[PDB]
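Shown below, as structure tokens, is a lone chain in the form deposited in one PDB entry; questions about how it binds or moves come after it.
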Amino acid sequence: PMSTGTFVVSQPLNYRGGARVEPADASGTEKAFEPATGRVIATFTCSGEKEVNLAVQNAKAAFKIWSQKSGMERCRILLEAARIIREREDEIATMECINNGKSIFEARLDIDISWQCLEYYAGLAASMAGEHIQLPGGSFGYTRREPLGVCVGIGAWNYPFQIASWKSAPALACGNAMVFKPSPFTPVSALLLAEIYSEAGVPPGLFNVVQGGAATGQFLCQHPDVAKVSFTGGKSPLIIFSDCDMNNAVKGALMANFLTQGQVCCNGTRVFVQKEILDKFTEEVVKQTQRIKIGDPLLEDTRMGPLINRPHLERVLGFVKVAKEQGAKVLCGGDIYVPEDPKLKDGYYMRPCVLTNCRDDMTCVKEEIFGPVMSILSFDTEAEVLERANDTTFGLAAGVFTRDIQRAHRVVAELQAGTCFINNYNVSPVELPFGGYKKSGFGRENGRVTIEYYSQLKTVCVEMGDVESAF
């Protein structure tokens, strides 16, 4: 029932004690946009010290109720929330599209990851166990993972609903309360999650929302009743060898660069192509790039939406200008795009860019752009690429395309990237295990480790006999 060019926020954008509330305090005002049209969908207040304290106080009170509930009870409520997310999926997805600009196609995938996340941690809540140890003379020791208390979740604008779910679901599962601060660019979708938690049966104040930027963030970090804060080198390389499957290598390169309008750090933007296939590959990539459907993100066939902001679009367009000044050849795009739909005339659109004759010294190769810009770097040998792509940090991903699996594993072994892809590339947030493949699951280690972030181990030792005095 919701469409592009019509949405306007009509309710308060903070959320405390199970209801939408206006900030009690100001730390500034921000404007949220519909990137597809360039319309202001909200002029909202950033939360001040007093508003931040009301949220934390109200979450501390909920924490006391929720932490005392069983893992079984907590699981029940989180599984309900996942069911509500699943039922209201298209409504949630369209709202994320309206405010962020990603295609409905990509918003649905992010929403899926969100309710899957909830189910996973709900399951972990119901199956949590500590250790029990036997001590001589009937004595014993035991451990328990306990919540920390009020957790602060800091959002980002690229995956607003998903970052909200990903932070709250494990924190809540362990028995914590959370005060969530969305990115000021994207305030809207986090409130849908807040409402859903309430509807599911979460105690009022367990999941609170405070809008604001840096000042709000500082107030949250400095708060004495806040237990923990959950925040959110060379760029991600993609190595294409001459022996690879060309069609799959091209598909992978496009997915690596133009999903989420290339606005993510997990994007494999440094495309190293072997000299022999270099000409054939570039020809095919440009042909395919020029065919990407740009327009209204609510349209099912749209694959490229607008960029997050006008400042952001301008910054990306500046990278393109610097690249051709540094000697790169713009094969296609990197120009402002004006869509055929008149309602989209002032949207933050640009044609996806493919740059060739790229060098390691270039700032477009050295720096993360956060726009749809592919840098094609030519290479000759396996030793050369490994030497050129060594500067990759653990926090980044990497992709390798070669029919030789000895070569593939050898390249992956030497690469310092945390996530490596052989004959594929997935653009998925860092938190998601196994490179965010659809039918992957989460394994057990991801959950165990993220649970440890939102908890602490309490140890109890019960002496059944007499004390062994050294004195």
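Throughout, we count residues from 1 along the sequence that is shown. Think of the rigid core as the biggest set of C-alphas that the two forms share within 1.5 Å after superposition.
Below, we turn to the form deposited in another entry, even though it does not appear here.
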| property | result |
| --- | --- |
| Answer among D360, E73, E89, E368 for the CA shift between this form and the one not shown that reaches 2 Å or more, rigid core superposed | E73 |
| Residue shift check between this form and the one not shown, rigid core fit, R444 Cα at least 2 Å | yes |
| Core-superposed comparison between this form and the one not shown, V285 Cα displacement 2 Å or beyond | no |
| Rigid core superposition, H132 Cα moves 2 angstroms or more between this form and the one not shown | yes |
| Closer or farther in the other form, the Cα atoms of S440 and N267, when the shift from this form is 3 Å or more | closer |
| Direction of C-alpha distance change in the other form, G268 to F442 (at least 3 Å) | closer |
